[PDB]
Amino acid sequence: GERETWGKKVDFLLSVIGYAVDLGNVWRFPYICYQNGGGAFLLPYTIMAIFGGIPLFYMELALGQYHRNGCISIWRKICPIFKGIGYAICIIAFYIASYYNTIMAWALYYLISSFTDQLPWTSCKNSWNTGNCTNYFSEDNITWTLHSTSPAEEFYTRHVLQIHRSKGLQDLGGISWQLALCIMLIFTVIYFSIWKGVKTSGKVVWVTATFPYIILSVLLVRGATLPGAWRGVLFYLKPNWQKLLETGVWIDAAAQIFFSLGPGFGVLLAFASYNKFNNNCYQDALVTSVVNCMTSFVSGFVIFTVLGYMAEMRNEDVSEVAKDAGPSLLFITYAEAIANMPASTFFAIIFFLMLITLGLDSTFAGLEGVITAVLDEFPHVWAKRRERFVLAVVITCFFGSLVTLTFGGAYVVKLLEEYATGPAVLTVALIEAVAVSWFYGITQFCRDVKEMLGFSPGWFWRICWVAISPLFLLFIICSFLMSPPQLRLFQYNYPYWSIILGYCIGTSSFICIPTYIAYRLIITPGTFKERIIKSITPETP
Amino acid sequence: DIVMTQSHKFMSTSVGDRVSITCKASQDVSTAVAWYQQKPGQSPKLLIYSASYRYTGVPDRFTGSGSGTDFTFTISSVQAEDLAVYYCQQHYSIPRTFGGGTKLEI
Amino acid sequence: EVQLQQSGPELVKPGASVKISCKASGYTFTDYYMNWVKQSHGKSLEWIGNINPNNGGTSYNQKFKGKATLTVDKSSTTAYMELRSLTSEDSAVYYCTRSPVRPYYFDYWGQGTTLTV
Ligand SMILES: CCCCCCCCCCCCO[C@@H]1O[C@H](CO)[C@@H](O[C@H]2O[C@H](CO)[C@@H](O)[C@H](O)[C@H]2O)[C@H](O)[C@H]1O
Ligand SMILES: Brc1ccc([C@@H]2CCNC[C@H]2COc2ccc3c(c2)OCO3)cc1
Ligand SMILES: *[C@@H]1O[C@H](CO)[C@@H](O)[C@H](O)[C@H]1NC(C)=O
Ligand SMILES: *[C@@H]1O[C@H](CO)[C@@H](O)[C@H](O)[C@H]1NC(C)=O
């Protein structure tokens, strides 16, 4: 009687779809599709989706629907030895919400600054740029200098970020009041849209996750008809069969699909924890996976048609203009691609709003997962008033992101995106998968799926849950632990101490699970094997 | 990679007449084509970039036209010093590649 | 007014290594790229690699992965090219050209590296 149920069946579907879509399929997926094998990227993408995303998604959805709990205390009914996975998920999601909200802050500042008949980043002639100006081409009579930069580039690095004022990661300079007020407004929006629960989430997703689709569609309509759109699609579909021989393309496709579906994060548990008792979760997982894949595909088309248009109006070979990886692709390149076209105001506004809501829905999903997990873990003093402990986590995440709002926050947000996410979430996901697959009993899980839906899955899903997906996850994490990356951003390299701190942050979340099994022994005295046999099998419901 | 073929090295047009030479491109390019000269023994020098924009410092004798796949390098009535070799360059894709070039006889 | 100096002729035993020089004078060396071209005995031109003075980057050709290692010496406005694992046919004339970022033409060249084997 302490749980709840969604308003309808489409509400949970749209909420999980909004959780499955983010800026990933907007910018990271197409750049990967071009760099990592060209048009020949789709086949390994589909392979890794069938073998790495759908199994995890189906398993987590079914377990969350049956057990009706979060991701912290849900192991009391499954396998209580890995309860630290819950707290690891909480702190991981704290890191994620602290670094992600800065992107929405950038987007909403772009929105609030894009209300003018002449966009402030179209011409370099403002009171902040330097003598290194270089207007959009419009001609072939100019010689671009290495030190010369596009007007939108210097706008993004000198007005919305003030990044040149940062003399290195050792110092920070100062917080920007503009971005501070912007992220404060976005945090108030998140709270006032997440206060009640899934009853309000299912109503706000109707406009939160559906509005991006119409914006993407009108952008595709605008792009696919301009002179030069064909080169974009040709480059997006031109295969390169030699690339699939290297393991790099395969592991990058695996990482892309795993981050696009995002399982093992502890939010599918909370979402399915409100679904009906015997809803068609198999259909739900399949539909969500295909919708996420199709969204990534159509977003790749949308970005690459305008990239090809820009490459025909400017010099060709989008590979050169698509130099850097990150939000700079949208905030600099696509920014100019939109600004140089007629009706630039409305198009920039709708694009910025689409990015804003594609951030907000994912933030909603993550915070829902966190609050539901903690409420299921601590229902004694909490769970009576849900409006409390939500302001707590919102203020904590805001004061954590405060360190990113500084003038040199791009480096730290890219660091948090690169190291705090991948390894921690991958180890957590693989550990919970081998727990619910090797310790809880895959035969018990199949019998449970039978009891819920009405027919047990075939041997294919069985071997995918037992053999394919664990090997897949460990292969990803081992490939990531094979080549230590030395990344950079905006002509600035990352020092070695920055790499050590990134390793520490990316490991301060995996060291969270052993302290639970350590504290399990002090409070409960006795032999080790007794606690092992008590924590390998679940207790009474 | 990118291959820019054209006529042979011997086939050319003598002095006084109009000299038009093309250079076949593998893929399609918008305007990213450039031509060069090199006297036998010396270093190659730039003539025209973007296939139509002559670099600052060349006489009006030089002309560039053609786009897409067919690129016309039209010259006419060369002087006693315009005789040289002419390769076709592009700016499409890494690695950039030149062409075969053509003589100028007589 | 803008002259670029290089090395001269060198007949070297096959298997050894030669370091080519490229002087910059006339235009700001730290503002444009520094590429190299490979041309055989009266044959076509072929691009070799790319050099950036700010960070010493190198986007080498896939056909010259190890045939030439490229470094830059911004103090003397010079950029070397470590030519290791040389054979007889790789004894070709080279050039040091300036090039702005993405018009990709070669304004001023050198004097030709008459490398004999
Ligand atoms: C066993 C428990 C854990 C032990 C400790 C693990 C600590 C790991 C520290 C970070 C390790 C490397 O971290 C990981 O590096 C890879 C490889 O570049 C990055 O990956 C990045 O570059 C690769 C290049 O191939 C791209 O394919 C990929 O899309 C991109 O994200 C990941 O974003 C980062 O998460
Ligand atoms: Br690694 C990793 C693993 C999974 C994901 C999912 C998958 C794709 N769709 C959105 C994304 C959700 O990312 C979040 C954003 C805000 C949040 C949050 C989580 O929790 C607290 O607030 C991203 C990175
Ligand atoms: C362009 O930026 C560089 C960065 O160091 C600076 O040295 C140079 O002075 C700038 N150009 C002008 C004209 O100021
Ligand atoms: C650009 O250069 C060309 C030379 O081919 C010249 O004809 C044209 O007038 C120039 N355009 C300018 C300077 O705007």
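Just so you know, the numbers here start at 1 and follow the chain as drawn.
Technique stated in the header: electron microscopy, 4.1 Å.
Here the Cβ of each residue, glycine as well, is placed from N, Cα and C on the backbone.
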From A:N69, A:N292, A:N315, grab the residue that Swiss-Prot records in the same Na(+) 2 site as A:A20, A:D22, A:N25, A:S260.
A:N292
Using the record from Swiss-Prot, pick out the residue from A:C90, A:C133 that is joined to A:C124 by a disulfide.
A:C133
Run through A:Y66, A:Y156, A:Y419 and tell me the one Swiss-Prot describes as phosphotyrosine.
A:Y66
Swiss-Prot has A:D22, A:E418, A:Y419, A:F480, A:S483 binding serotonin. Which one of A:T345, A:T363, A:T540 is in the same site?
A:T363
Would Swiss-Prot have A:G197 and A:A410 facing the same side of the membrane, if we go by the names of the topological domains it assigns?
no
In whole Å, how far is A:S260 (Na(+) 2 binding site) from A:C124 (disulfide bond) when you measure between their Cα atoms?
36
Would you say the transmembrane segment (A:463-482) and the transmembrane segment (A:85-110) are touching, if the rule is that at least three C-beta pairs must lie under 8 angstroms and be 6 or more residues apart?
no
I need the neighbours of the Na(+) 2 site defined by A:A20, A:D22, A:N25, A:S260, A:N292. Which other residues of that chain put their C-beta within 8 angstroms of the C-beta centroid, in sequence order?
A:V21, A:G24, A:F29, A:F259, A:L261, A:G262, A:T295, A:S296
For the recorded positions A:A20, A:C124, A:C133, which Cβ has the most other Cβ atoms within 10 Å, all shown protein chains included?
A:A20
What is the Cβ neighbour count of A:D22 (Na(+) 2 binding site) at a 10 Å cut-off, with all protein chains included?
23
As a check: which entries in A:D22, A:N25, A:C124, A:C133, A:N292, the recorded positions, place their Cβ less than 6 Å from an atom of ligand 2?
A:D22
Are there any residues at least 6 positions away along the chain from A:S260 (Na(+) 2 binding site) with a Cβ closer than 8 Å to its Cβ? List them or say none.
A:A20, A:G24, A:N25, A:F29, A:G53, A:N292, A:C293, A:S296
